Structures are given as structure tokens and as C-alpha cells.
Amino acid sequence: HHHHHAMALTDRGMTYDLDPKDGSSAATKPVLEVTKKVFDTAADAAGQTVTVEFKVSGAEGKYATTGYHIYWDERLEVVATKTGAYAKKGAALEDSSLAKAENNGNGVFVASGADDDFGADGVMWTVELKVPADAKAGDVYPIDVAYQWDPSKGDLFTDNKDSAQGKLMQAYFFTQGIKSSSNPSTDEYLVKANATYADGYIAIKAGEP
């Protein structure tokens, strides 16, 4: 009955509304997993820099063009790469000669392109996030992968030709391959954080007490 919001994160993800919207029949069904790091105590977690991976599976050699949004709990501090970027490409994008991370506040937009379907399974991107000094037992800092769209452009996960199968794969990616308000996480930590639209997190076990 009551409405609940995350502590330091908003749900920017939008409803996937491109035809086809239902990716259940896609020949390729990509899933993106985001790190779920759990510390035992506040002392263990305070001031720690955590490597957060965004890892795709089910799509080896089946994609070429990607673009999606990542956001994180505002209390976390991103540790930029030597170039100032908030994210760094991983082995999954090794054969994609276009890859770009674009900073976006408590988040980053990450995109890739390839001259054929050279997208691979594995880590697409990593982001280093630092846990605040005043972290406390029970804290959860959610990390969200989100689909966004507007009349000018939208997020992408398709093949080199952007074929019918590419568009099916894309619908699947955004509607079933990531979590969102339409496909919520049931992860206890995300439920606690009131951020079931999010995908991963850095969490600290609750005390006893």
C-alpha cells in the first residue's frame, strides 16, 4: 500500500516499446549479470574499491551494436580510468573496434560497434566503485542497468545488420536479460534496498546486531 523508494538511486529505466516488444521467440537470448558483492562487516567494506563487472552470456558471435545505461547508488564513488572514463571495456568487446564509455553523473552510458557479429560472451564493461567511509552493517548500494528511449535515439543490443532476429534479441535483452520494474529482481538485498529494478549491488550483511 505504501510507496517505497531506494535510498540514493532512482529508477530511470523505461518500458521497452519497440516492435517487436516480446523477445520470447528470439533465436539469441542474451542475459547480463552484474556483480553482487557482499561484505561481512562494515569494517570489511568501508573505503573498499570494488570491481563491478557487467557480464553477458548466451550471445557469443550474435551481436555487434550495443548501448545501455548503468547507474549506481549515489553514495558510492566511481574510480575513473586513466582516461577519466567511468567504465572500461572487457574481454567480451575485445573484437569490437568501437567501444565507448560516456560519463553520466552517478552512472555511465556504455556502447559498442563491430564490423561483423564479433560480440562475445564475458565481461563487457567494468566499473570501479568505492564504498563510503561511513558505511554501516545492513547497507545496500544498488547498481542498475537501465533501458532508455526518446524520439531522438534509444538504447541498443542488436546484430551487425540489425535484422529481424537482431531486433528480437534486443527485445529479449532489455525485457528478460536485465532486471527492471517490469522484470524485478527477487534478490533479498535489492528488496531491502527498495531497488528491485536494479541489477547488482554492493551490500554489507546486517549485524547480530
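A residue's number is simply how far along the shown sequence it sits, counting from 1.
The stretch with the higher mean CA B factor, choosing between 102-110 and 133-141, is 133-141. Annotation for 198-206 versus 1-9: the higher mean temperature factor (C-alpha) is found in 1-9. Note on 35, 41, 160, 176: the highest value goes to 41, judged by CA B factor as recorded. Between the residues 148, 48, 66, 180, it is 48 that shows the highest Cα B-factor in the PDB record. The PDB entry assigns residue 27 a C-alpha temperature factor belonging to the highest third of its chain's modelled residues. Ranked against the other modelled residues of its chain, the C-alpha B-factor of residue 122 as given in the entry falls in the middle third. Per-chain ranking of the deposited C-alpha B factor places residue 115 in the lowest third. Ranked by Cα temperature factor within the chain, residue 61 sits in the middle third according to the deposited record. Residue 82 sits in the highest third of its chain by CA B factor, as recorded in the PDB entry.
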